[PDB]
Each structure stands twice: as structure tokens, then as C-alpha cells.
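Residue numbers (PDB author numbering), protein chains in the order written: chain A, 1 to 119; chain B, 1 to 119. Cβ atoms here follow ideal geometry from the backbone N, Cα and C, with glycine treated the same way.
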């Protein structure tokens, strides 16, 4: 099923705004997302393109205008990321922005071993 | 396997700078990253944890005292989440954080739906 089809995507024209350029000022994310999942050593990118999409709806608050549905598409990103378990939740709001003193703690700096190690 | 740290991890001691021994009436770092990986179904944020990191070393540039470090430390990290292909390096420069108009051309927000199936 290609599901939530017709009413939410429907308003994508709500973010495209007042008529119709093909987003024609620059061949951009068309250029970005070109060949991407290419070959089974993927993971990375898909998750992050999805990070700015996430700061996309968070930034666009226009309360009546689309707002409820940015929330409705951003909600299903869940299933785009992981959403197997509840804790998927926690981390992203964490995964927000602005480092502050109180969050430029870097001590646990070394941390990174744990991944590619695991034979 | 993965010793190379002798002169490089030794630098973390140079970040900390002058002293006390425990970075702060924190637990924070500790309370932060404790049980994350607990369930290997969540690949995703591991990439982003290292992103603030990219948001740290690309923030300090300490002139031959700490620079080289951050240089050296900054590098090893792609090799953690993804040393898989040559490409992704590019894919980060974009990932800078500040999307300055003419750069948040959200037209395309609509295609990533595809991760939907994958198999």
C-alpha cells in the first residue's frame, strides 16, 4: 500500500507556495539524492536527509496553515528511521541542535570503538 | 586490532586543558550514552552523535596545540560510521548545519517515502 497518499502529500503544494516554479532555481537535491542507495553498505545518509526533514517541520509552525500535517508526515518518518521500539523517541529531540556549554562535555570522546569492532 | 591511539587518544588529555580530574558535577555524559546500543535495531543516531563531534572539532581549530588533534581525531570517525565508499565525505560538507535560503529547497521532501519497502 502506498497509503497516506492523497490528502497530506496533497498539501506539499502548501510548502511549494503561491503557484508553480519547478523548484527551478537550482538543480539541487535532485542532484543530491541522485544514485544514493546504490549498493548494500548504505545506512548513513537516508537517516540524515531525514534529520533536516525533521528540523523542516519543526521549523514551520504555521499553526492552521499546514502545521498539523507536517506533524502528520514527520510522524511517519518514524517508520522511515526505525520505529521498532519506543526509545527511538528520546534521542532525536536530543538530536536537535545548539551545543551549549552544558552540552559540549566531550569527555566521552573516545567512545567510538564499539562499532566497527565486533568481528 | 586498533592501537594507533598512543599519541592520538593521548591528546584528549589536551582537550580537557588545565585540570581538575572529572570534567564536571555532571553525570551527563554518563547519563547520556549509557544504554543506547542495547538493541541492535537502531543504527541511525550513531551517525549524529559524531555529527556534534563534527560540530566540535570544526569549532575549535587550536593552532598546532589542539588543531592536529581535532584534525587527526576528526578524520578517523568517517571510518567508524562509514569508511565504505569515498563519496560520503562530500555528503558531510553539505551536512554543515546552516541551510541559508537558496539551500532549503524542500520541494523534494516528498520522495524518501521509498525506504517503505526496501524488502
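Checklist line | residue 103 of chain B versus residue 75 of chain B - alpha carbon distance | finding: 26 Å
Margin query: I want to check one thing, is the minimum distance from the CB of residue 80 of chain A to the heavy atoms of the ligand GTP below 7 Å?
Written below: This structure lacks the ligand GTP; in fact it carries no ligand of any kind.
Next item on the list: Flag residue 58 of chain A as yes if its beta-carbon sits less than 8 Å from any beta-carbon of chain B, otherwise no.
Entry: no
Item checked: Minimum Cβ-Cβ distance from residue 14 of chain A to chain B less than 8 Å -> no
Notebook entry, point to check: Quick one: which chain A residues come within Cβ less than 8 Å of residue 115 of chain B?
Noted result: 46 and 80
Check: Quick one: does residue 27 of chain B have its CB under 8 Å from some CB of chain A?
Finding: For residue 27 of chain B, the answer is no, since every Cβ of chain A falls outside 8 Å of its Cβ.
Notebook entry, point to check: With 8 Å set as the bound, which would you pick, yes or no: does the beta-carbon of residue 77 of chain B sit closer than that to a beta-carbon of chain A?
Noted result: yes
Margin query: Taking the beta carbon of residue 127 of chain A as the centre, do at least 16 other beta carbons fall within 10 Å, making it buried, or is it exposed?
Written below: Here chain A has residues from 1 to 119 only, and residue 127 of chain A is not among them.
Next item on the list: Using the Cα positions of residue 61 of chain B and residue 5 of chain A, report the straight-line distance between them to the nearest angstrom.
Entry: If you take the alpha carbons of residue 61 of chain B and residue 5 of chain A, they lie about 48 Å apart.
Notebook entry, point to check: What do you get for residue 109 of chain B, buried or exposed, if any count of 16 or more other CB atoms within 10 angstroms of its CB means buried?
Noted result: buried
Checklist line | Among B/79, B/40, B/18 and B/52, the one whose alpha carbon lies nearest that of residue 100 of chain A | finding: B/52
Next item on the list: Please check the pair residue 44 of chain A and residue 88 of chain B, which I expect to be a contact at CB under 8 Å, by giving their CB distance rounded to whole angstroms.
Entry: Rounded, the Cβ-Cβ distance is 6 Å, consistent with contact.
Notebook entry, point to check: How many Å lie between residue 113 of chain B and residue 33 of chain B at the Cα?
Noted result: 30 Å
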